[PDB]
Amino acid sequence: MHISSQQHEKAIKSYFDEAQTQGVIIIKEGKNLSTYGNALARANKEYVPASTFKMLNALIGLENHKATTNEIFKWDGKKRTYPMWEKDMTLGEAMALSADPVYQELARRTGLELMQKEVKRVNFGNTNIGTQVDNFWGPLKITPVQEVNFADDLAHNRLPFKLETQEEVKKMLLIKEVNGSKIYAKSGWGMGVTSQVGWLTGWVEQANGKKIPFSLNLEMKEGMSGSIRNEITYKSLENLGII
Ligand SMILES: *C(=O)[C@@H](NC(=O)/C(=N/OC(C)(C)C(=O)O)c1csc(N)n1)[C@H](C)NS(=O)(=O)O
C-alpha cells in the first residue's frame, strides 16, 4: 500500500455511489477518527440507533441480572414478522438474528426507570429514551461519531459495566472472520421522520490483537437488501488494508 489517500477516498465513495445511497463510514485508529464515503456531513448528524441499541440493552440486562447468557427465551407461539424469529433463543442468538421480541422482553424486565437511568449513566447518544421501554431505539438519537466511539469503548472494555458483562456481550457480536481478522458488529435499520437509516457499528479485531472500531451509516431505500450494509463495510475495510 503505496495507495494515495485520494484513491482510498474515491474507492470508498464509489461503493456508496454504486449502491445508490448516501452514507459515511467512520474508522477509528487509536484516537484518530477517519471519515469516508459519499456524504461526509452525515458524521455528526443524529439518527435513531434502531437495532444498534441491542448492544446496550444486552449490557444493561446482563449487568443487572435480568438474564444470563445461556438462558433460553421461549418463543410465545405468535406469528412473527420473520420465521427465523419463531424459535426459542439465547440473547446471543437473538443478537445475530436481531430478534426484537427477545430484546423487547429483556427491556421490559429491565423496566423503563432502570433503562432511563442506565442509558443516562452510559451517556449513549442524546440519552433520551422517552416513556415507552420497548419502543425507543425515537426520541433517542445518536451520531455516527458517537456510535464508533461507543464501539471503541466496548471493544476496549471501557464502558461502565463489569468486564465480564462486556466480554459476554462482545461474544454475541462476532459476525465474520476474514483472513485471521475477526469482525464484531451490530446492524441497524430504522425508520425516521421521512427517511430510513442503516447502520453497521462494531470493530475489527486483527490477528495481532489490534482493535479498529468503525461505524457505517447510510440511507436505506425501498428495495435494498440489508446485506448492502455489510458489503459496503467489508469492501471499505478491505480497501484500507484493515482486513
Ligand atoms: C433494527 O434495527 C431493526 N429495525 C427496526 O425494527 C426498525 N425498523 O423499521 C423498519 C425499517 C423495519 C421499518 O420500515 O419499519 C426501527 C426501530 S426504532 C425505529 N425508528 N425503527 C431491524 C429489522 N434489524 S436489523 O438487523 O436488520 O437492523
# chains A, B, ... in the order shown; residues from 1 in each chain; ligands from 1
call {"tool": "residues_around", "arguments": {"residues": "residue 168 (chain A)", "least_positions_apart": "3", "cutoff": "12 Å", "atoms": "only C-alpha atoms", "output": "ChimeraX atom specification"}}
result
/A:55,58-63,67-70,91-92,95,154-155,157,161-165,171-174
call {"tool": "residues_near_ligand", "arguments": {"ligand": "ligand 1", "cutoff": "9 Å", "atoms": "only C-alpha atoms and all ligand atoms", "output": "ChimeraX atom specification"}}
result
/A:47-54,95-100,135-140,186-193,196-200,220,222,226-227
call {"tool": "atom_distance", "arguments": {"atom1": "CA of residue 225 (chain A)", "atom2": "CA of residue 204 (chain A)"}}
result
22.8 Å
call {"tool": "residues_around", "arguments": {"residues": "residue 35 (chain A)", "least_positions_apart": "6", "cutoff": "10 Å", "atoms": "only C-alpha atoms", "output": "NGL selection string"}}
result
:A and (9 or 24-28 or 41-43 or 144-145 or 214-216)
call {"tool": "closest_residue", "arguments": {"among": "A:90, A:233, A:104, A:110", "to": "residue 66 (chain A)", "atoms": "only C-alpha atoms"}}
result
A:110
call {"tool": "atom_distance", "arguments": {"atom1": "CA of residue 73 (chain A)", "atom2": "CA of residue 166 (chain A)"}}
result
20.5 Å
call {"tool": "residues_around", "arguments": {"residues": "residue 228 (chain A)", "least_positions_apart": "4", "cutoff": "8 Å", "atoms": "only C-alpha atoms", "output": "MDAnalysis selection string"}}
result
chainID A and resid 19 224 232
call {"tool": "write_last_selection", "arguments": {"atoms": "C-alpha atoms", "output": "compact mmCIF listing (two decimals), in the first residue's frame"}}
result
# COMPACT_ATOMS: atom_id res chain seq x y z
CA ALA A 19 -25.39 1.25 -4.00
CA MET A 224 -32.42 -2.52 -0.69
CA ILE A 232 -20.00 -1.72 1.82
call {"tool": "closest_residue", "arguments": {"among": "A:33, A:111, A:169, A:65", "to": "residue 94 (chain A)", "atoms": "only C-alpha atoms"}}
result
A:169
call {"tool": "atom_distance", "arguments": {"atom1": "CA of residue 213 (chain A)", "atom2": "CA of residue 115 (chain A)"}}
result
25.4 Å
call {"tool": "residues_around", "arguments": {"residues": "region 179-184 of chain A", "least_positions_apart": "3", "cutoff": "6 Å", "atoms": "only C-alpha atoms", "output": "number ranges by chain"}}
result
A: 173-176, 202-207
call {"tool": "select_by_dssp", "arguments": {"residues": "region 22-69 of chain A", "states": "alpha helix (DSSP H)", "output": "ChimeraX atom specification"}}
result
/A:54-63
call {"tool": "write_last_selection", "arguments": {"atoms": "N, CA and C atoms", "output": "mmCIF file, in the first residue's frame"}}
result
data_model
loop_
_atom_site.group_PDB
_atom_site.id
_atom_site.type_symbol
_atom_site.label_atom_id
_atom_site.label_comp_id
_atom_site.auth_asym_id
_atom_site.auth_seq_id
_atom_site.Cartn_x
_atom_site.Cartn_y
_atom_site.Cartn_z
ATOM 1 N N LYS A 54 -29.484 -2.782 20.607
ATOM 2 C CA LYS A 54 -29.480 -4.095 21.242
ATOM 3 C C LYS A 54 -28.180 -4.364 22.021
ATOM 4 N N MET A 55 -27.078 -3.761 21.581
ATOM 5 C CA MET A 55 -25.813 -3.934 22.239
ATOM 6 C C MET A 55 -25.925 -3.395 23.628
ATOM 7 N N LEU A 56 -26.569 -2.241 23.783
ATOM 8 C CA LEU A 56 -26.640 -1.611 25.100
ATOM 9 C C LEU A 56 -27.738 -2.251 25.974
ATOM 10 N N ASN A 57 -28.841 -2.646 25.359
ATOM 11 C CA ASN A 57 -29.888 -3.375 26.034
ATOM 12 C C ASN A 57 -29.332 -4.656 26.639
ATOM 13 N N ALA A 58 -28.507 -5.371 25.886
ATOM 14 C CA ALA A 58 -27.905 -6.592 26.417
ATOM 15 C C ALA A 58 -26.984 -6.299 27.601
ATOM 16 N N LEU A 59 -26.138 -5.277 27.474
ATOM 17 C CA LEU A 59 -25.191 -4.928 28.548
ATOM 18 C C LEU A 59 -25.947 -4.587 29.817
ATOM 19 N N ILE A 60 -26.971 -3.775 29.698
ATOM 20 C CA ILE A 60 -27.796 -3.429 30.822
ATOM 21 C C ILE A 60 -28.548 -4.649 31.449
ATOM 22 N N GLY A 61 -29.113 -5.528 30.621
ATOM 23 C CA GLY A 61 -29.870 -6.649 31.126
ATOM 24 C C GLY A 61 -28.967 -7.596 31.877
ATOM 25 N N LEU A 62 -27.786 -7.860 31.345
ATOM 26 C CA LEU A 62 -26.850 -8.762 31.986
ATOM 27 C C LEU A 62 -26.263 -8.160 33.248
ATOM 28 N N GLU A 63 -25.845 -6.894 33.195
ATOM 29 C CA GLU A 63 -25.201 -6.262 34.340
ATOM 30 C C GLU A 63 -26.149 -6.320 35.545
#
call {"tool": "select_by_dssp", "arguments": {"residues": "region 69-228 of chain A", "states": "strand (DSSP E)", "output": "VMD selection string"}}
result
chain A and resid 174 to 178 181 to 191 196 to 205 211 to 220
call {"tool": "write_last_selection", "arguments": {"atoms": "N, CA and C atoms", "output": "mmCIF file, in the first residue's frame"}}
result
data_model
loop_
_atom_site.group_PDB
_atom_site.id
_atom_site.type_symbol
_atom_site.label_atom_id
_atom_site.label_comp_id
_atom_site.auth_asym_id
_atom_site.auth_seq_id
_atom_site.Cartn_x
_atom_site.Cartn_y
_atom_site.Cartn_z
ATOM 1 N N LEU A 174 -19.827 -11.414 17.122
ATOM 2 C CA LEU A 174 -18.996 -11.932 16.064
ATOM 3 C C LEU A 174 -19.871 -12.253 14.857
ATOM 4 N N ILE A 175 -19.645 -11.545 13.758
ATOM 5 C CA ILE A 175 -20.416 -11.765 12.557
ATOM 6 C C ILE A 175 -19.570 -12.225 11.410
ATOM 7 N N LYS A 176 -18.248 -12.158 11.474
ATOM 8 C CA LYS A 176 -17.457 -12.612 10.330
ATOM 9 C C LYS A 176 -16.023 -12.818 10.651
ATOM 10 N N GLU A 177 -15.410 -13.700 9.887
ATOM 11 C CA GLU A 177 -13.999 -13.973 10.049
ATOM 12 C C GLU A 177 -13.384 -13.943 8.654
ATOM 13 N N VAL A 178 -12.433 -13.045 8.440
ATOM 14 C CA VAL A 178 -11.804 -12.893 7.142
ATOM 15 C C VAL A 178 -10.299 -12.881 7.404
ATOM 16 N N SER A 181 -8.609 -12.089 10.676
ATOM 17 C CA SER A 181 -9.224 -10.915 11.287
ATOM 18 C C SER A 181 -10.663 -11.271 11.701
ATOM 19 N N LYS A 182 -11.086 -10.822 12.869
ATOM 20 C CA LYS A 182 -12.487 -11.022 13.242
ATOM 21 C C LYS A 182 -13.278 -9.730 13.275
ATOM 22 N N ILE A 183 -14.509 -9.771 12.780
ATOM 23 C CA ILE A 183 -15.353 -8.581 12.754
ATOM 24 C C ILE A 183 -16.514 -8.692 13.733
ATOM 25 N N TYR A 184 -16.516 -7.863 14.775
ATOM 26 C CA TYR A 184 -17.632 -7.773 15.698
ATOM 27 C C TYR A 184 -18.467 -6.558 15.307
ATOM 28 N N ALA A 185 -19.785 -6.700 15.241
ATOM 29 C CA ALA A 185 -20.619 -5.571 14.858
ATOM 30 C C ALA A 185 -22.110 -5.877 15.024
ATOM 31 N N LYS A 186 -22.898 -4.817 15.129
ATOM 32 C CA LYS A 186 -24.319 -4.909 15.063
ATOM 33 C C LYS A 186 -24.977 -3.996 13.996
ATOM 34 N N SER A 187 -25.939 -4.547 13.253
ATOM 35 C CA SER A 187 -26.599 -3.813 12.184
ATOM 36 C C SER A 187 -27.746 -3.119 12.728
ATOM 37 N N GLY A 188 -28.207 -2.124 11.983
ATOM 38 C CA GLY A 188 -29.441 -1.412 12.326
ATOM 39 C C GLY A 188 -30.169 -0.939 11.071
ATOM 40 N N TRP A 189 -31.482 -0.788 11.179
ATOM 41 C CA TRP A 189 -32.299 -0.202 10.117
ATOM 42 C C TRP A 189 -33.508 0.461 10.771
ATOM 43 N N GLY A 190 -33.539 1.783 10.782
ATOM 44 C CA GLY A 190 -34.602 2.489 11.464
ATOM 45 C C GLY A 190 -35.379 3.314 10.472
ATOM 46 N N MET A 191 -36.663 3.514 10.758
ATOM 47 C CA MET A 191 -37.480 4.476 10.017
ATOM 48 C C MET A 191 -37.514 5.779 10.805
ATOM 49 N N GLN A 196 -35.066 6.473 6.015
ATOM 50 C CA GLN A 196 -34.617 5.307 6.722
ATOM 51 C C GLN A 196 -33.129 5.366 6.916
ATOM 52 N N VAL A 197 -32.671 4.952 8.098
ATOM 53 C CA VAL A 197 -31.238 4.838 8.384
ATOM 54 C C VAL A 197 -30.772 3.380 8.459
ATOM 55 N N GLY A 198 -29.585 3.099 7.917
ATOM 56 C CA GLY A 198 -28.944 1.819 8.015
ATOM 57 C C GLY A 198 -27.659 1.996 8.823
ATOM 58 N N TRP A 199 -27.332 1.012 9.672
ATOM 59 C CA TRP A 199 -26.141 1.042 10.455
ATOM 60 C C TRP A 199 -25.409 -0.279 10.382
ATOM 61 N N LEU A 200 -24.083 -0.206 10.451
ATOM 62 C CA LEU A 200 -23.312 -1.316 10.905
ATOM 63 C C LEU A 200 -22.157 -0.764 11.721
ATOM 64 N N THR A 201 -22.230 -1.033 13.026
ATOM 65 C CA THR A 201 -21.346 -0.460 14.032
ATOM 66 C C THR A 201 -20.664 -1.586 14.822
ATOM 67 N N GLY A 202 -19.342 -1.553 14.853
ATOM 68 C CA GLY A 202 -18.539 -2.564 15.507
ATOM 69 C C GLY A 202 -17.047 -2.301 15.480
ATOM 70 N N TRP A 203 -16.256 -3.360 15.324
ATOM 71 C CA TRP A 203 -14.801 -3.244 15.315
ATOM 72 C C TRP A 203 -14.210 -4.457 14.676
ATOM 73 N N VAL A 204 -13.063 -4.257 14.032
ATOM 74 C CA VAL A 204 -12.272 -5.307 13.513
ATOM 75 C C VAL A 204 -11.218 -5.668 14.571
ATOM 76 N N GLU A 205 -11.126 -6.954 14.917
ATOM 77 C CA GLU A 205 -10.036 -7.447 15.754
ATOM 78 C C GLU A 205 -9.030 -8.226 14.885
ATOM 79 N N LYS A 211 -7.364 -3.602 17.778
ATOM 80 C CA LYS A 211 -8.760 -3.338 17.500
ATOM 81 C C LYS A 211 -9.007 -2.028 16.761
ATOM 82 N N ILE A 212 -9.731 -2.132 15.656
ATOM 83 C CA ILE A 212 -10.141 -0.969 14.842
ATOM 84 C C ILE A 212 -11.663 -0.777 14.721
ATOM 85 N N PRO A 213 -12.225 0.107 15.542
ATOM 86 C CA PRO A 213 -13.660 0.360 15.522
ATOM 87 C C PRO A 213 -14.166 1.129 14.265
ATOM 88 N N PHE A 214 -15.413 0.899 13.897
ATOM 89 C CA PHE A 214 -15.992 1.516 12.715
ATOM 90 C C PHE A 214 -17.485 1.684 12.921
ATOM 91 N N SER A 215 -18.059 2.648 12.201
ATOM 92 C CA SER A 215 -19.496 2.780 12.139
ATOM 93 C C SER A 215 -19.868 3.212 10.768
ATOM 94 N N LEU A 216 -20.579 2.338 10.077
ATOM 95 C CA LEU A 216 -21.191 2.678 8.835
ATOM 96 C C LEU A 216 -22.608 3.194 9.101
ATOM 97 N N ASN A 217 -22.963 4.252 8.396
ATOM 98 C CA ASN A 217 -24.259 4.894 8.495
ATOM 99 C C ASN A 217 -24.696 5.366 7.098
ATOM 100 N N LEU A 218 -25.894 4.986 6.664
ATOM 101 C CA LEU A 218 -26.396 5.305 5.322
ATOM 102 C C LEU A 218 -27.935 5.371 5.216
ATOM 103 N N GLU A 219 -28.432 5.903 4.099
ATOM 104 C CA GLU A 219 -29.865 5.959 3.863
ATOM 105 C C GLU A 219 -30.331 4.661 3.185
ATOM 106 N N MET A 220 -31.233 3.941 3.858
ATOM 107 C CA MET A 220 -31.827 2.732 3.293
ATOM 108 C C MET A 220 -33.002 3.171 2.380
#
